Protein chains: 2
Amino acid sequence: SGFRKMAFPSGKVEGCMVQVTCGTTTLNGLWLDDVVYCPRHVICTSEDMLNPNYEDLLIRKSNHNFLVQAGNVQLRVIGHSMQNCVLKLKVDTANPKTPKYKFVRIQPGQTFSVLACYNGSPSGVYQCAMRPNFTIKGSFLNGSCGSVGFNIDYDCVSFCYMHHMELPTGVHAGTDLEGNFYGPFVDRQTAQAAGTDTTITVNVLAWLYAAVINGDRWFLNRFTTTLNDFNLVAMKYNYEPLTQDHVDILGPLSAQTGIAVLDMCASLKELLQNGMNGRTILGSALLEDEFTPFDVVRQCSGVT
Amino acid sequence: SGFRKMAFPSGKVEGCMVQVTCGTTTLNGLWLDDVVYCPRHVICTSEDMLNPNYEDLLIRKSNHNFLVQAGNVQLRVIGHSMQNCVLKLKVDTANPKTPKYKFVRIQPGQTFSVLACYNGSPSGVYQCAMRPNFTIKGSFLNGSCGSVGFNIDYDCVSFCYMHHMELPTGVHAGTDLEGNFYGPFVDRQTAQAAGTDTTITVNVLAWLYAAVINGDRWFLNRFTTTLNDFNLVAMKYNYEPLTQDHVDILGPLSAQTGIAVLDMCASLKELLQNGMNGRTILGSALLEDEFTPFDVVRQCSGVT
Ligand SMILES: COc1ccc(N(Cc2cccc(Cl)c2)C(=O)Cn2nnc3ccccc32)cc1
Ligand SMILES: COc1ccc(N(Cc2cccc(Cl)c2)C(=O)Cn2nnc3ccccc32)cc1
C-alpha cells in the first residue's frame, strides 16, 4: 500500500545524455544510435534569443563547431541538420548504451518522467504531466535545455519531450523528439502567455480510485451524477470536460473498486463544491491530476 | 525556476538489483561487490512471520537454497550470513556494475530516493523522508521487500534504507544496510504501532525558502519571532522543535534570500495559525516537509 508520485527508473536515459556546446552555449543532448538530438537554440547567444533567424545562424556553423562530450570523451560530429526546433548531430560512433526506443508525441493530460540534466550530467528525476495548455510545471535551471521526458514500457523508452524554455510565467515549454513544440510556443524570447491551466479530470478520478485502493475513503458519498451534470460543475471549476472515452478508460479501476465511474464523479463534484474541510487524500490537500488511469493501475499492480 | 519532489537518477542503483528466492519467498536483493544483501525474512513463509525464530529457520537453509538471479543469469552463492535483520549472500562474481558506495544510517528528517523493485526489476523511483517516528510513507506492494533507499554525492551512492515491511497502519519500516531497523520496529507480523508523525520543521522552512526563490512569496509577513516563541507554536501543531543547529543549517538559504531564519519562522507560525485560506505554495495546499535544506540548495543550484 501507499501511493507516490513515482518516476520511471532513469538508468536507460542516463546512458543517453551528452553535453552539447556551440560557441558559448552549452546544453544537453540525447544520444541514440549515431545521432545526438538537442534544441536548435544551442546555436544562439542570450541576445540572439530575442529575434533568432535559425536558418541564418545555422549557416555560420560547421560540424566542428558542435562539441559533443559523452562523459569525459569527445564525440566526432560528421553531419548536422535542423528538423523543426531540434538539431540532429550525426556522430561517428553509435551510442553503445542505446536502449530500445520510440519517439512519441503525447496528448495533454499524459504523464512522463523528466531526467533533469546539466552539462550532460543527470541531476534528478521527477514525474510530471503535459498540461491542457501544453506547458509543463518542471524544475529547470539555465543549462537544463535538452533534458528529456519519457515513458518506459518494459525495456522500450518512448521519448516524448525535450526541454527548450521557460516562459516569463515560470512554466516550461518544449518539443517532441521531432522538434515540434507542444502547444503554440516558439523558441524565441518573446511575449508568449500560456492559456488556462485546467485540471485533468480523468487523472483526478484515477487518483481518487488510487485513494480508495490505498485506504483513503472519507470522500466517498451516497450520490451519483451524469456526465452532463458533472461537466456543468467541471466547467465552473476549470476542470476538463469528462468524455465517454475517459469513463471507458476508468473501467478497470471502477471494476477493481466496485465504485461506478459516475459515483466517483459525484464524489469529485462534492469535493469541488465543499472543499476538503482541512482533510487530506493520499497526503495531499488538493486534488492531484498528475496520475493517469494507466499510472494508477501500473503502480497499484507493480509493473516492472 | 520551478521546484519538484525530485529523486536521484536511479541508474547506479538499478545496476545492483537482483532477485532473491528462498523456498517460496521471492524478494529483492542489493548486489555490491561479491555480496548480495536482502531482508532476512526471505527465509520465512507468510505463516512464519507471525512468530519467526530467524536463527532456527536459517539453520535449515544452505547456500544452494538461496536463488539469486541478476537479470536472466543465475549467481552462485558460496556463503551466507545473518547480520542483524539482513542476510549477506556471498556470491562467486563481483557485480561489474558496482558503483562507489557507502552504507549510512540516516537521522529522522533526512530524505532519500527509493527504487521500488519487484522480482529484482525496477518499477519506479520516488523521493521520501525518514519520518520522526522512524517510518517512511512509501509505495510498496508484496514483493517489494529488499528495495533500497539511497542518496548520491556525484558518483558515490550512500545506501541508507532497505525495505522490510508494512505496518498494519499502511506506513513502512526497514533497516539500514547493516540490518538494524530504523526505530523500534521488528521483522515480525505483530502489533507494532507508530508514534506521532510530527512535521519536520527545518524541512518546511527550507521549502518556504525554495518557494521565495521560485517566486511564491504571498505568505511572507511583517513579523518576526524567537526560537522559544516559535517552538511553543510548533509544539501545538505537532511540529518538531527547531534548534539553533537547524537555524545554522538554514543560514545559506537565509543569506540567498535575505530573509532571516526567525522571520521565516514567523511566516510559518502565521501559516500554522491562520491556514492557507485556499491558497497554494509551490503547487501544494499543505506545508511540505520532505525537502531538506541541502535538497533545496542542491535543486536550486543544479548539482549533478
Ligand atoms: C541560448 O541562450 C538561451 C538563453 C536563455 C534561454 N531561455 C529564455 C527563453 C528563450 C526562448 C523562449 C522563451 Cl519564452 C524564453 C530559456 O528559457 C532557457 N531556459 N530553460 N529553462 C530555464 C530555466 C531558467 C532559466 C533559463 C531557462 C534560451 C536560450
Ligand atoms: C515472507 O513472507 C512475508 C509476508 C508478509 C510480510 N509483511 C507482513 C509483515 C511482516 C513483518 C512485520 C509486519 Cl508489521 C508486517 C510485509 O509487510 C511485507 N510487505 N512489505 N511491503 C508490503 C506491502 C504490501 C504487502 C506486504 C508488504 C513479510 C514477509
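Here Swiss-Prot sets the residue numbers for chain A, with the shown residues being 3264-3567 in order.
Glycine too: its Cβ is placed from the backbone N, Cα and C atoms.
According to Swiss-Prot, the protein carries these features:
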- A:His3304: active site, for 3CL-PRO activity (ACT_SITE)
- A:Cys3408: active site, nucleophile (ACT_SITE)
- A:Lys3268: ubiquitin cross-link (CROSSLNK)
- A:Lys3353: ubiquitin cross-link (CROSSLNK)
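Each of the recorded positions A:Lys3268, A:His3304, A:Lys3353 was assessed for Cβ neighbours inside 10 Å, and the highest tally belongs to A:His3304. When the alpha carbons of A:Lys3353 (ubiquitin cross-link) and A:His3304 (active site, for 3CL-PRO activity) are compared, the span between them is 17 angstrom. Just so you know, the Cβ of A:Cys3408 (active site, nucleophile) picks up 26 other Cβ atoms within 10 Å once every protein chain is counted. Proximity to chain B (Cβ-Cβ distance under 8 Å) holds for the following recorded positions out of A:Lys3268, A:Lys3353, A:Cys3408: A:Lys3268.
A:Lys3268 (ubiquitin cross-link) and A:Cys3408 (active site, nucleophile) have their C-alpha atoms 23 Å apart, to the nearest angstrom. DSSP assigns A:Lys3268 (ubiquitin cross-link) to coil, not to a helix or a strand. Secondary structure at A:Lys3353 (ubiquitin cross-link), taken from DSSP and collapsed to helix, strand or coil, is strand.
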